[PDB]
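Undergrad: Can you keep this structure in mind? I'll have questions shortly.
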Amino acid sequence: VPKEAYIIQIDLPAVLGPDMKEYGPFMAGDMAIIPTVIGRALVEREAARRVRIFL
Amino acid sequence: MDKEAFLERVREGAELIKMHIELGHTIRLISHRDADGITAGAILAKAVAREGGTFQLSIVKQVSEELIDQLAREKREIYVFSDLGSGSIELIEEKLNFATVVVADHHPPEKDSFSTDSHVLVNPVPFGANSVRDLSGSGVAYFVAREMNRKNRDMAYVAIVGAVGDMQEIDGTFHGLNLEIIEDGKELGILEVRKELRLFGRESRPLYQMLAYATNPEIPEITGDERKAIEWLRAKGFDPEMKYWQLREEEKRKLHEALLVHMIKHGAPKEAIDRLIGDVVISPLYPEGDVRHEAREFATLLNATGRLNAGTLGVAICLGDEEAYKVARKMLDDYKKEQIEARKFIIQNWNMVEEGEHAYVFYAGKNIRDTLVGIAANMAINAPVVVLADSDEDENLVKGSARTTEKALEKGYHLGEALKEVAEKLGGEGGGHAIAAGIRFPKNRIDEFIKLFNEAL
């Protein structure tokens, strides 16, 4: 299951990922690694923003 | 300092983190919102990601009983506090006993260790390290990260940014375990140490602003008076609009000599004079003229993001996110635009100020944000003063800030106690210091606030 780092911009309840892991709950301004399938949709409705971690 | 005993705590803390990563557990990260705390948060975040692990970072104002409560409600497997938690060892063990706890901090701790087995205190102070010069919060996080993986040594510059923000080098040089971080960065070529003017404004400020904002050390007849800095630099043959980094090494050396002669003349303290030129940390990873190129400028940027409730945005910048730096720049510039507009509103609408016996009261409504209400009272003076503004977060609340001078403080007029006194009567939070304080109270009791505040002086 692919993941990515995001900055969650709104208060967000805990949600379950496709990897059967629970992500969240998030307070506004939290940075977290979450499944990209969830993070993409959050970015789509402007609930989160991608952050690139240069490794 | 018994570095080997501290290193043992570092490895113990690092292994706990790595163990939970292997089990696929979410590494819950909590860190402070200043430069030292933001850099620390980024260091631990990258360390987790480097191991292919999952984290959730929160940048908070401080550790509170309310904060630990909602952290406990999350019921995580592991909590990691960075640049925080040393004064809340009892509180953490009380509410977070069910999980693994790692506290990476440099502040004087409540206990020298945790009572429970799954909780580890990574703190150099119980081993005899000076809290304010031997290692910062980011420094502790760096040590833990490096122990997780030696590749994390690429965060050496980031750690020093926090160290500078924590004023670990207020002496003019670095000391203790900070030197070990400095060396790691030198070996990787991601940071350099130069003997230059230790003032803020090396990258982004003109020479006359770098001298006017001069603190640690302060420059006599120049600090504060922005126009005098222009006059002084003109006479010495320098372009006041030019930036320090644009100077050749000969011109810097001449600027150092000129400033040093000036301070000796006006009887500047011997301690202050010795702190004018010292260690300045730069990084080849960034272009010169960029705020991230110098540690003090970088720390200043991060503090600004932290104060604007965008601490993780600053964290992202440390992680190398160029888009985040873009957003942060626009945000700060917008904040700058709000200031000059807020200060413009005070001058134009000073005809609506309540005349008081012991204090000034100005109500701006929703024109000035509650965050700008602090710097509003100062410029009203620079042209006691209390400015009131409507709460953006709330609705029936108004945020106020009280500012005064040394002349009024000489004749009593202690703002903090008086503001905290009225706040208790109006049923709201307040209080602060002696020359500066804040207060929140119901909006429908403004007329009552003016009356009670003057009487409390």
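Just so we're on the same page: first chain in the structure tokens is A, next is B, and so on; residues restart at 1 for each chain, and ligands are numbered from 1 in the order they show up.
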Excluding same-chain residues fewer than 5 positions from stretch 79-82 of chain B, what lies within 8 Å of it counting only C-alpha atoms, as a CSV table (one decimal) with N, CA, C and O atoms, in the first residue's frame?

TA:
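Final file, around18.csv:
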```csv
chain,number,residue,atom,x,y,z
B,27,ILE,N,4.1,6.4,14.7
B,27,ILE,CA,4.9,7.1,15.7
B,27,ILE,C,4.4,8.5,15.9
B,27,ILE,O,4.5,9.4,15.1
B,28,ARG,N,3.7,8.6,17.1
B,28,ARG,CA,3.0,9.9,17.4
B,28,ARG,C,4.1,10.9,17.9
B,28,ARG,O,4.7,10.7,19.0
B,29,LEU,N,4.3,12.0,17.1
B,29,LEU,CA,5.3,13.0,17.4
B,29,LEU,C,4.7,14.3,17.9
B,29,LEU,O,3.7,14.8,17.3
B,30,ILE,N,5.2,14.8,19.0
B,30,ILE,CA,4.8,16.1,19.6
B,30,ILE,C,6.0,17.0,19.8
B,30,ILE,O,6.9,16.6,20.5
B,31,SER,N,6.0,18.2,19.3
B,31,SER,CA,7.1,19.1,19.5
B,31,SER,C,6.7,20.6,19.6
B,31,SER,O,5.6,20.9,19.3
B,32,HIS,N,7.6,21.4,20.2
B,32,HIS,CA,7.4,22.8,20.5
B,32,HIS,C,7.3,23.6,19.2
B,32,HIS,O,7.6,23.1,18.1
B,37,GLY,N,12.1,23.7,18.5
B,37,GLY,CA,11.0,22.7,18.5
B,37,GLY,C,10.6,22.2,17.1
B,37,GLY,O,10.3,21.1,16.9
B,40,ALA,N,13.5,20.2,15.6
B,40,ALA,CA,13.4,18.9,16.3
B,40,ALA,C,12.4,18.0,15.8
B,40,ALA,O,12.6,16.8,15.5
B,41,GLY,N,11.2,18.6,15.5
B,41,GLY,CA,10.1,17.8,15.0
B,41,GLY,C,10.4,17.3,13.6
B,41,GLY,O,10.0,16.1,13.3
B,99,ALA,N,1.3,3.1,27.1
B,99,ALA,CA,2.1,3.1,25.9
B,99,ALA,C,3.5,3.5,26.1
B,99,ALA,O,3.9,3.9,27.2
B,100,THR,N,4.3,3.2,25.1
B,100,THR,CA,5.7,3.6,25.1
B,100,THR,C,5.9,5.1,25.0
B,100,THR,O,5.2,5.8,24.2
B,101,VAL,N,6.7,5.7,25.8
B,101,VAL,CA,7.0,7.2,25.8
B,101,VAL,C,8.4,7.5,25.7
B,101,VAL,O,9.2,7.0,26.5
B,102,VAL,N,8.8,8.3,24.7
B,102,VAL,CA,10.2,8.8,24.6
B,102,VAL,C,10.1,10.3,24.7
B,102,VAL,O,9.5,11.0,23.9
B,103,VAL,N,10.9,10.9,25.7
B,103,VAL,CA,11.0,12.3,25.8
B,103,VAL,C,12.4,12.8,25.5
B,103,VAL,O,13.3,12.5,26.2
B,104,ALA,N,12.5,13.5,24.3
B,104,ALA,CA,13.7,14.0,23.9
B,104,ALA,C,13.7,15.5,24.1
B,104,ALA,O,13.2,16.3,23.4
B,105,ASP,N,14.4,16.0,25.2
B,105,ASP,CA,14.4,17.4,25.6
B,105,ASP,C,15.7,17.8,26.3
B,105,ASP,O,16.5,16.9,26.7
B,137,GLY,N,17.0,21.4,22.0
B,137,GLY,CA,16.0,20.4,21.7
B,137,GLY,C,16.2,19.7,20.5
B,137,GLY,O,16.1,18.4,20.4
B,138,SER,N,16.5,20.4,19.4
B,138,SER,CA,16.9,19.8,18.1
B,138,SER,C,18.1,19.0,18.2
B,138,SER,O,18.3,17.9,17.5
B,141,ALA,N,17.1,15.6,19.6
B,141,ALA,CA,16.5,14.9,18.6
B,141,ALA,C,17.4,14.4,17.5
B,141,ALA,O,17.3,13.3,17.0
```

Undergrad: Name the residues in contact with stretch 326-329 of chain B at a cut-off of 10 Å, using only C-alpha atoms, excluding same-chain residues fewer than 2 positions from it; report them as a short mmCIF file (atom, residue, chain, number, x, y, z; two decimals) with N, CA and C atoms, in the first residue's frame.

TA:
```
data_model
loop_
_atom_site.label_atom_id
_atom_site.label_comp_id
_atom_site.auth_asym_id
_atom_site.auth_seq_id
_atom_site.Cartn_x
_atom_site.Cartn_y
_atom_site.Cartn_z
N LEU B 301 12.83 32.59 10.41
CA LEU B 301 11.75 32.20 9.52
C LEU B 301 10.83 31.18 10.19
N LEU B 302 11.43 30.18 10.84
CA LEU B 302 10.67 29.12 11.48
C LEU B 302 9.83 29.63 12.65
N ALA B 304 8.59 32.54 12.93
CA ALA B 304 7.49 33.29 12.34
C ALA B 304 6.35 32.36 11.92
N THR B 305 6.69 31.22 11.34
CA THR B 305 5.68 30.24 10.95
C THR B 305 5.01 29.63 12.17
N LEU B 308 2.43 31.92 13.62
CA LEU B 308 1.26 32.04 12.76
C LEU B 308 0.50 30.73 12.66
N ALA B 310 1.44 27.86 11.94
CA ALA B 310 1.85 27.05 10.80
C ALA B 310 3.19 26.38 11.08
N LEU B 313 4.31 23.72 8.70
CA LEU B 313 4.75 24.32 7.44
C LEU B 313 6.24 24.59 7.52
N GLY B 314 6.69 25.10 8.66
CA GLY B 314 8.10 25.32 8.91
C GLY B 314 8.85 24.01 9.00
N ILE B 317 9.58 22.88 5.56
CA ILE B 317 10.71 23.62 5.01
C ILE B 317 12.04 22.95 5.38
N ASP B 321 11.07 20.90 1.49
CA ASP B 321 9.93 21.18 0.63
C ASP B 321 9.95 22.63 0.14
N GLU B 322 10.25 22.82 -1.14
CA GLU B 322 10.32 24.15 -1.74
C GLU B 322 8.95 24.81 -1.83
N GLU B 323 7.92 24.00 -2.06
CA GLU B 323 6.56 24.51 -2.14
C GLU B 323 6.12 25.11 -0.80
N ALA B 324 6.52 24.46 0.29
CA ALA B 324 6.19 24.94 1.63
C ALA B 324 6.87 26.28 1.92
N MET B 331 2.79 33.89 3.03
CA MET B 331 2.07 34.04 4.29
C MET B 331 2.67 35.16 5.14
N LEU B 332 4.00 35.18 5.23
CA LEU B 332 4.69 36.20 6.02
C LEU B 332 4.53 37.58 5.40
N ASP B 333 4.56 37.63 4.07
CA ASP B 333 4.42 38.90 3.36
C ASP B 333 3.01 39.45 3.52
N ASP B 334 2.02 38.55 3.47
CA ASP B 334 0.64 38.93 3.74
C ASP B 334 0.50 39.46 5.17
N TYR B 335 1.21 38.82 6.09
CA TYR B 335 1.20 39.23 7.49
C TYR B 335 1.84 40.61 7.65
#
```

Undergrad: Could you make a table, as a Markdown table, of the residues of chain B that have an atom within 7 Å of an atom of chain A, each with its nearest atom pair and distance in Å to one decimal, counting only C-alpha atoms, in chain and number order?

TA:
```
| residue | atom | partner | partner_atom | distance |
| --- | --- | --- | --- | --- |
| B:50 | CA | A:55 | CA | 6.7 |
| B:54 | CA | A:33 | CA | 5.4 |
| B:55 | CA | A:32 | CA | 5.5 |
| B:56 | CA | A:32 | CA | 4.2 |
| B:57 | CA | A:31 | CA | 5.1 |
| B:58 | CA | A:30 | CA | 5.1 |
| B:310 | CA | A:29 | CA | 6.8 |
| B:312 | CA | A:31 | CA | 6.3 |
| B:316 | CA | A:51 | CA | 6.4 |
| B:319 | CA | A:53 | CA | 5.4 |
| B:320 | CA | A:54 | CA | 5.9 |
| B:321 | CA | A:52 | CA | 5.4 |
```

Undergrad: Write to file, as a PDB file, in the first residue's frame, the residues of the selection just made, with N, CA and C atoms.

TA:
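Generated file (out_33.pdb):
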```
ATOM      1  N   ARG B  50      12.604   7.717   7.007  1.00  0.00           N
ATOM      2  CA  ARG B  50      13.787   7.062   6.455  1.00  0.00           C
ATOM      3  C   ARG B  50      13.753   5.556   6.715  1.00  0.00           C
ATOM      4  N   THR B  54       5.652   5.147   9.719  1.00  0.00           N
ATOM      5  CA  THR B  54       4.547   6.096   9.663  1.00  0.00           C
ATOM      6  C   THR B  54       4.520   6.976  10.910  1.00  0.00           C
ATOM      7  N   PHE B  55       4.408   8.287  10.712  1.00  0.00           N
ATOM      8  CA  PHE B  55       4.347   9.215  11.835  1.00  0.00           C
ATOM      9  C   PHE B  55       3.129  10.128  11.756  1.00  0.00           C
ATOM     10  N   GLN B  56       2.824  10.775  12.876  1.00  0.00           N
ATOM     11  CA  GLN B  56       1.841  11.851  12.910  1.00  0.00           C
ATOM     12  C   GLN B  56       2.356  12.944  13.838  1.00  0.00           C
ATOM     13  N   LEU B  57       2.790  14.054  13.250  1.00  0.00           N
ATOM     14  CA  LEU B  57       3.435  15.124  14.002  1.00  0.00           C
ATOM     15  C   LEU B  57       2.471  16.253  14.345  1.00  0.00           C
ATOM     16  N   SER B  58       2.531  16.707  15.593  1.00  0.00           N
ATOM     17  CA  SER B  58       1.772  17.873  16.022  1.00  0.00           C
ATOM     18  C   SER B  58       2.704  18.924  16.615  1.00  0.00           C
ATOM     19  N   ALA B 310       1.442  27.856  11.939  1.00  0.00           N
ATOM     20  CA  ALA B 310       1.850  27.045  10.799  1.00  0.00           C
ATOM     21  C   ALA B 310       3.193  26.380  11.081  1.00  0.00           C
ATOM     22  N   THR B 312       4.037  23.192  11.334  1.00  0.00           N
ATOM     23  CA  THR B 312       4.363  22.062  10.471  1.00  0.00           C
ATOM     24  C   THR B 312       4.762  22.529   9.076  1.00  0.00           C
ATOM     25  N   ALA B 316       8.042  21.350   7.293  1.00  0.00           N
ATOM     26  CA  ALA B 316       8.148  20.946   5.895  1.00  0.00           C
ATOM     27  C   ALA B 316       9.331  21.619   5.203  1.00  0.00           C
ATOM     28  N   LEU B 319      12.402  19.893   5.956  1.00  0.00           N
ATOM     29  CA  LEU B 319      12.429  18.620   5.244  1.00  0.00           C
ATOM     30  C   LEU B 319      12.793  18.792   3.770  1.00  0.00           C
ATOM     31  N   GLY B 320      12.913  20.041   3.329  1.00  0.00           N
ATOM     32  CA  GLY B 320      13.374  20.332   1.983  1.00  0.00           C
ATOM     33  C   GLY B 320      12.276  20.648   0.985  1.00  0.00           C
ATOM     34  N   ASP B 321      11.072  20.899   1.488  1.00  0.00           N
ATOM     35  CA  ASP B 321       9.930  21.184   0.626  1.00  0.00           C
ATOM     36  C   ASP B 321       9.950  22.631   0.139  1.00  0.00           C
TER      37      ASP B 321
END
```

Undergrad: Any idea what the distance is between atom CA of residue B:207 and atom CA of residue B:165?

TA: 21.4 Å

Undergrad: Closest to residue B:218 among B:4, B:134, B:271, B:370, using only C-alpha atoms?

TA: B:271

Undergrad: With distances taken over only C-alpha atoms, which of B:128, B:53, B:139, B:217 is nearest to residue B:10?

TA: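 The answer is B:139, which sits nearest to residue B:10.
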
Undergrad: Could you list, as a ChimeraX atom specification, every residue within 9 Å of residue B:292, counting only C-alpha atoms and ignoring same-chain residues fewer than 5 positions away?

TA: /B:203,282-283,285-287,297-299,301

Undergrad: Check the smallest atom-to-atom distance from each of B:236, B:307, B:175, B:194 to residue B:249 using only C-alpha atoms, then report the winner.

TA: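 Once distances to residue B:249 are computed over only C-alpha atoms, the minimum belongs to B:194.
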
Undergrad: Considering only alpha helix (DSSP H) as DSSP defines it on the backbone, what residues of chain A qualify? List them as a ChimeraX atom specification.

TA: /A:36-44

Undergrad: For the residues in that selection, give me C-alpha atoms as a PDB file, in the first residue's frame.

TA:
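What ended up in out.pdb:
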```pdb
ATOM      1  CA  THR A  36      -1.961   8.283  -0.891  1.00  0.00           C
ATOM      2  CA  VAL A  37      -5.408   7.083  -2.003  1.00  0.00           C
ATOM      3  CA  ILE A  38      -6.825   8.843   1.066  1.00  0.00           C
ATOM      4  CA  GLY A  39      -4.423  11.784   1.002  1.00  0.00           C
ATOM      5  CA  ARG A  40      -5.129  12.519  -2.661  1.00  0.00           C
ATOM      6  CA  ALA A  41      -8.852  12.915  -1.993  1.00  0.00           C
ATOM      7  CA  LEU A  42      -8.122  15.146   0.999  1.00  0.00           C
ATOM      8  CA  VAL A  43      -5.958  17.340  -1.231  1.00  0.00           C
ATOM      9  CA  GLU A  44      -8.730  17.204  -3.846  1.00  0.00           C
TER      10      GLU A  44
END
```
